[PDB]
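Letters A, B, C and D name the chains as they come in the text, with residue numbers starting at 1 for each one.
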Amino acid sequence: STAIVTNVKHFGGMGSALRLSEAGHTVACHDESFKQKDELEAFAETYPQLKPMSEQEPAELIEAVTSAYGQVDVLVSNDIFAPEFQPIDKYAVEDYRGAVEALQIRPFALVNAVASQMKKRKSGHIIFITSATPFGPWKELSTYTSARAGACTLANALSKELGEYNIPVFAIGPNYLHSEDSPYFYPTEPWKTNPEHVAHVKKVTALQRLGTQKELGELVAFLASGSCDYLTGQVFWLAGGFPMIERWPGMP
Amino acid sequence: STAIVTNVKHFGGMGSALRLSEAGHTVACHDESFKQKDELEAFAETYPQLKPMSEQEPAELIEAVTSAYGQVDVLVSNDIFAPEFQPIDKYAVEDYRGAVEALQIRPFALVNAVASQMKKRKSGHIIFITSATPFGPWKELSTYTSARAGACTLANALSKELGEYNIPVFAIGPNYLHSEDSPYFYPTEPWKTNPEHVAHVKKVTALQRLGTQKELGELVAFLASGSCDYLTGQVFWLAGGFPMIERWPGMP
Amino acid sequence: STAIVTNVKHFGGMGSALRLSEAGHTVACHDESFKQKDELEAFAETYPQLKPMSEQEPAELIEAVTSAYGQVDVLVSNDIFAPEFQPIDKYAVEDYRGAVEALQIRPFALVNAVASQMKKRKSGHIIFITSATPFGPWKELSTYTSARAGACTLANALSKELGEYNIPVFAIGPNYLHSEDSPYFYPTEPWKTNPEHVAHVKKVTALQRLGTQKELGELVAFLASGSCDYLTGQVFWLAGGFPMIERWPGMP
Amino acid sequence: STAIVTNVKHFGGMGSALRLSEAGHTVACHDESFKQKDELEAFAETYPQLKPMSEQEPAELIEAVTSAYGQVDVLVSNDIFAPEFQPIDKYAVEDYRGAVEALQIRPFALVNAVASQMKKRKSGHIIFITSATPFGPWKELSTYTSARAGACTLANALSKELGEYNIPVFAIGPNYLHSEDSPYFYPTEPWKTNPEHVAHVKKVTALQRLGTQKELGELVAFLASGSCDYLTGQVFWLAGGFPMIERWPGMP
């Protein structure tokens, strides 16, 4: 079928797009860099199996894909945002508006555009790549963290109205997901090379390692395959058992 | 100590103000209607034990109460919004921004304004009046429900950084809370008068009744008293057992 | 690899066994009816791709499958119990012990038996089939519901220590899962035939239908494939959107 | 009114009994040591405001108090158990049966005995002192941790059926609660004296300190006062913001 994967170059985009592609889906890909013809084409050249789009806005995109490839059957809103860690009083109120717009508004807009067609054919799948930070908050990241929670809940609420139209909605909240070259949010350097970061990951996750893109993709391809729609409304914590709680003094 | 209760005429406003005032607090009150001196003075006249302020913006309000009454020890962000129920595709993206602006950005702006003074004294209490809908989502209220979840998570995330300064932070998510003459969100008419509504409330809640403003007020006063700061980060579901799940055919 | 599916004739048993077998696994199956050679051989004859065992106790079973098929890589603790709905005061304390013995002690006994061999190879997968009732409790089913919550938490707690040995642990809490000829817990009669029951299911679930054994089987096979071990600790709610919350009077 | 507080000498018993007493309640107290006349009397001597009972079993106790003081209006099942930290394969299946019996069966039995009288007068309050470990599991404590979760869920499920009879049920799950002289589970020595333990607590809780008995008591007296019954079914995490998640390398 036809699927859309946003910000394909960062976070969980590549594992998603690629695995969905492997699963024989037509995968239209969105990303900021697809504004410049050089970047888009460089992309379509390197990945002949992915269909990169230039459209940037939600509605514009949905339409581009609907026309170009018939319709949108799967939506993987892979949302990102570059947050600053800061005491609440040191943030600017616009620093929160940025986070909310990038992590909550964007996916809402996306579902607000493709929603009618899926409901009309009574079929489709919706997936949000959010974050596992709401499950175990770090201090001084209130903006990013709270916005992610809104997205998780958005997904669950939507599963309630779209179930009637046979449309599953899921939220996958990762943490410590190897983003490889992308800086969102766990690039090979330093997470896989610098001893300190390697030891941190080792300590805070139960599996003692970063999550791989293939694992994320396998989940997305599985959910979008229609093999287990009864899971609609589920928030998946892709965080290798994180967080590992520190134990009492004297314990290994 | 000095407390601030926003949108005092609606939602949890009166219960919070009155019970906080009966506890001994100096309660500065905010509300949109107070932009008019006629309203502010009428309110002031009916409630001599409350201090209605005309300030509307976060920074201005905190500063105004800090001047008049020395400081702000307790902040009760009684946030409200009038959402429409609607299929995700029938909403306008602006209908989500609006909801997020009033239910998330607003409480964030207020804490972002009072946070520094509390951290300096290393004392204070922050309480968000959110909603219990995230716990049991209804279909077609995706903007208002997810916005509330952002607020709850904001409170918990904030509890992590402010705890170092001995500042508790809580979220009280109500549902079926009698708002008396206020339309936010369960006014006496028709919730305590109309048989259809009375029946509904009787079915969906365990205690089979609306919550009272006195219960919400007691909880707010208790949390801000310092009797139990160890609860910091807690999300309180004030909904009398809601949601009661419908049982199998043949059962009473 | 070798998998063990308990109580294979009931609950999630068949879906798990069949789909696990279609994936390539050697599926040793347990069941109470297999204490009788007549039953074990009849089952063996109908399902030549399944390996029905007669062992009943945890230690004996793990040992028996370890001998016959080399080892145990995947454990699917498909636990069942026939609880009565009743006011807490109408239950007998023994009615809780019984429930806890079959829904908690049993899965614990099994993992306690296979844990060492998996930790030595540093490979394996543990999956508990629990229940989604903890998420949306019904009144008068306090023994069965709380026992299931113990099972879920057991799975997550176990995911923390076993992750170091590269052993994922999951819990799949189903609800409204078609159990076909099995009485545990939604048999074809009357759940797919009686209009009263068909209506109920249509109201309380988002997808408005029973879950299928194929969906539960797909999920079990996916989790045990190694495609996404980073999900370790996850509690999967397999209930098609349940619980759908009853809306305000006047709404459709 | 008349209230019962079990294991009054350990965990949250003293803060509960005493504060309830201060609140002008007749407080019958249970404890193992109240088997020997020497211990009971020593207790009744030291605390003339508390009424210690010798009865040990649930039913025997409820009856003793009902007769002696008219009826039981408040039940505070303060449950304890001395667990061993151990890899799952190193536990004995009876080590789990112990935990379950002490942490799940006991409170169930207690509510199973006093339940009918509360439902008949359509009034009463039920409180479980459980544990916050299910919210943030440590590795190798699967027994204690999973059983606590069962108790938390028991409480929530009971809130559903007893709400109809106007009986609130709550669960208070502490962690790092100063148990003073009692070894259950954070005695002054070493938690308040040995630098290592003091630094641990400082690190894993947001408030950076143990929770006090007075805080626990204030909550119990507040819930049992009938000031906020609309909170029925709530699980209160009394853990000063625990757990504090470890942040990225380089961060303070």
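Details
The definition used in the following text is that a residue touches a chain if its C-beta (ideal position, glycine included) is under 8 Å from a C-beta of that chain, and two chains touch if they have at least 3 such contacts.
Checking A-C, B-C or A-B against A-D, more than half of the residue-numbered contact pairs recur only at B-C.
Centres computed as Cα averages put chain C at a distance of 31 Å from chain D. We define each chain's centre as the mean of its Cα atoms; on that basis chain B and chain C are separated by 41 Å.
One simple way to say how far apart two chains are is to compare their mean CA positions; for chain B and chain D this gives 30 Å.
Residues of chain C in contact with two or more other chains: 137-139, 160-162, 164, 206, 244-245. With chains as nodes and touching pairs as edges, the resulting graph is complete, every pair of chains being joined. Interchain contacts (touch definition given at top) occur between A-B, A-C, A-D, B-C, B-D, C-D. The touching residues of chain C, counted against chain B in their complex, run 85, 136-139, 194, 196-197, 199-200, 203-204, 206, 243-251. The touching residues of chain C, counted against chain D in their complex, run 58, 87-89, 91, 93, 96-97, 100, 104-105, 108-109, 111-112, 115-116, 119, 134, 137-143, 145-154, 156-158, 160-162, 164. Across the complex, chain D is touched by residues 159-164, 166, 168, 177, 205-208, 211-212, 215-216, 218-219, 222, 227-234, 236-241, 244-245 of chain B.
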